[PDB]
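1. Here is the sequence, then the experimental structure:
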Amino acid sequence: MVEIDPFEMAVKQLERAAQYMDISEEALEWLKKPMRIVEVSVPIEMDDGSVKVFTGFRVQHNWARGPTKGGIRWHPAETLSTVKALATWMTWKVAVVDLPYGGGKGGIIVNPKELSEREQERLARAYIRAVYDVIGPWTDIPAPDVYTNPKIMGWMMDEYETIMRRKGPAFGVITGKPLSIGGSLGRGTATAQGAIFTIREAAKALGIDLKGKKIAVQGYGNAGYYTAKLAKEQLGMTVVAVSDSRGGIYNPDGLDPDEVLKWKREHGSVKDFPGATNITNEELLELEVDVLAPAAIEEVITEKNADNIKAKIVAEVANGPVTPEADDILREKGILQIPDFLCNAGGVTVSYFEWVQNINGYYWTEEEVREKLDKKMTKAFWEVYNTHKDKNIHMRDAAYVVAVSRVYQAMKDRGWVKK
């Protein structure tokens, strides 16, 4: 009786979102099954002169709004219950920011750290020849995800362009491509710039000036390094705490965000920086910071460290680091938290800006992408925040009300659901 399923906990979050709105019963049973699941066998030729067969999936959840978009995972812990869960999760993310997109995902049961560079080409190309019949520039647009990179997304475009015989906008079949093949600028800081705008706009919602406040970021990856970098160089945050998987430091005067990265490449981690106080990962949470933004791993702020957090804005960069048990603990403290698919919607929004350039054929510049990402994320916050201020419901549950109704209005106008 101990069962934690990924797809079952993806449906229970929808039936929690059915109570706070008026939705017909015949459309509620439509959204609990993806409309097309393709599971194929992917054969490659190894370097030993032998043939293996990997099991590769593809799940398209709902194309009511438009074409579907989702990443490609390469992990040995993949199942069909995991890919169908993130596919239903993807439709609510690409709805709340007002995109013409539906949900999708794909995965191969493989372990990429035991394949050579020649074998990764034969695996990525043979994935396209199996599921070419269910993708395309107007049908399904893959994207990079865990254990993929823009190098591999260049190969899947080349194998698609050979099959298509170049009769169509073949650069739009996959996003997150390299720079000199038809990719977009402003992809490398897409999750960081897109999250920095919502923290800037949430300053106005409480009426707070950010010229000289404090911020802390857990983790120091590429989505972690650029978040604390933009805080000083744009806003004025006295960055007083950073950390990684190894350790954490502190400064009561501030931290230059690029000065730390030069130490971390020479050393192994952020441990023992000169003029710092080596503390643990746990004490970074309970510090006196104005705005906290975790990005390290899921489930970091739990039911015992729930009431220790003293802040004003908790920005969720990583995917849901706040448990539903801790969801209602912070609200009675008076803490404004942003939802998990609203603060890191900068990944899909710039990846939509790559898909717009590839279809038109006219590439933008870096001055143009930062402007239209600013108008999207500011609008997508004030639509969510005005919903929470009216029905007096929590910000996490209010985000589904806008995401479901934007899809259900598209299902009703296409005639799929009469009632």
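-> Nice, I can see it. Numbers count the residues shown, from 1 in each chain.

2. mind listing the helices for the stretch 101-250 of the chain?
-> Secondary structure of the stretch 101-250 of the chain (DSSP state H, counting those that start in this stretch): helices located at 117-130, 150-164, 190-206, 222-230.

3. For residue 365, which of those helices is the nearest?
-> helix 190-206 (15.0 Å; Cβ to Cβ). All C-beta spots, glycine's among them, are computed from the backbone N, C-alpha and C.

4. What's the end-to-end length of stretch 62-72?
-> 17 Å (Cα to Cα, to the nearest Å).

5. for stretch 301-313, same thing?
-> So stretch 301-313: terminal residues 14 Å apart, Cα to Cα.

6. List the buried residues of it.
-> In terms of neighbour count (16 or more other Cβ atoms under 10 Å), stretch 301-313 has its buried residues at 301, 306, 309, 311-313.

7. re earlier: I'd like the helices of the stretch 101-250 of the chain as a markdown table, with distance to residue 43 and mean neighbour count appended.
-> Below are these laid out as a markdown table (distance: least, Cβ to Cβ, whole Å; neighbours: other Cβ atoms under 10 Å):
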| stretch | distance to residue 43 | mean neighbour count |
| --- | --- | --- |
| helix 117-130 | 6 | 18 |
| helix 150-164 | 14 | 17 |
| helix 190-206 | 34 | 21 |
| helix 222-230 | 34 | 21 |
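
8. Just put those helices in CSV and tack on distance to residue 44.
-> Formatted as CSV, the helices of the stretch 101-250 of the chain follow (distance: least, Cβ to Cβ, whole Å):
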stretch, distance to residue 44
helix 117-130, 4
helix 150-164, 13
helix 190-206, 31
helix 222-230, 29
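
9. Next, the buried residues of stretch 248-263.
-> Neighbour counts over stretch 248-263 (16+ other Cβ under 10 Å) mark 248-251, 255, 257, 260, 263 as buried.

10. which residues of the stretch 251-400 of the chain fall in strands?
-> In the stretch 251-400 of the chain, strands defined by DSSP state E, counting those that start in this stretch lie at 291-294, 313-314, 336-337, listed in chain order.

11. Spell out which residues sit in contact with residue 347, please.
-> Listed by Cβ atoms under 8 Å, 6 or more residues apart in numbering, the contact partners of residue 347 are 190-191, 194.

12. how does it look with 7 Å?
-> Contacts here follow Cβ atoms under 7 Å, 6 or more residues apart in numbering; on that basis residue 347 touches 190-191.

13. List the contacts of stretch 124-131.
-> Contact with stretch 124-131 is made by 38, 40, 42-44, 56, 58, 108, 152, 155-156, 159-160, 163, as judged by Cβ under 7 Å, 6+ apart.

14. same thing with stretch 299-315?
-> With Cβ under 7 Å, 6+ apart as the criterion, stretch 299-315 contacts 195, 198-199, 202, 206, 208, 218, 285-286, 288-294, 321-323, 325-326, 329, 333, 335-338, 343.

15. List buried residues within those.
-> By neighbour count, with 16+ other Cβ under 10 Å, the contacts of stretch 299-315 hold 195, 198-199, 202, 218, 285, 289-294, 321-322, 326, 329, 335-338, 343 as buried.

16. And for this protein, the residue most distant from the center?
-> Here the chain reaches farthest from its C-alpha mean at residue 49, the gap being 38.7 Å by Cα atoms, centre = their mean.

17. which residues touch that residue?
-> Contacts of residue 49 (Cβ under 7 Å, 6+ apart): none.

18. so it, which of the three states?
-> Assigned state for residue 49: coil (three-state reduction, DSSP: H, G, I helix; E, B strand; the rest coil).

19. Turn the strands of the stretch 251-400 of the chain into a markdown table, including distance to residue 181.
-> A markdown table is the format used below for the strands of the stretch 251-400 of the chain (distance: least, Cβ to Cβ, whole Å):
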| stretch | distance to residue 181 |
| --- | --- |
| strand 291-294 | 33 |
| strand 313-314 | 38 |
| strand 336-337 | 39 |
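
20. and of those, who's closest to residue 401?
-> Closest among the strands of the stretch 251-400 of the chain, using Cβ to Cβ: strand 336-337, at 16.4 Å.

21. Can you tell me the strand partners of that closest one and which way each runs?
-> Sheet pairing for strand 336-337, assigned by DSSP bridges, gives strand 313-314 (parallel).

22. now the partner strand, how far from the chain's geometric center?
-> Distance, stretch centre to chain centre, for strand 313-314: 18 Å (Cα atoms, centre = their mean, to the nearest Å).

23. do the same with stretch 210-230
-> 17 Å.

24. Any chance you could list what contacts it?
-> 189, 191-193, 195-196, 203, 231, 235-244, 257-258, 261, 264, 270, 281, 284, 287, 289-296, 300, 317.
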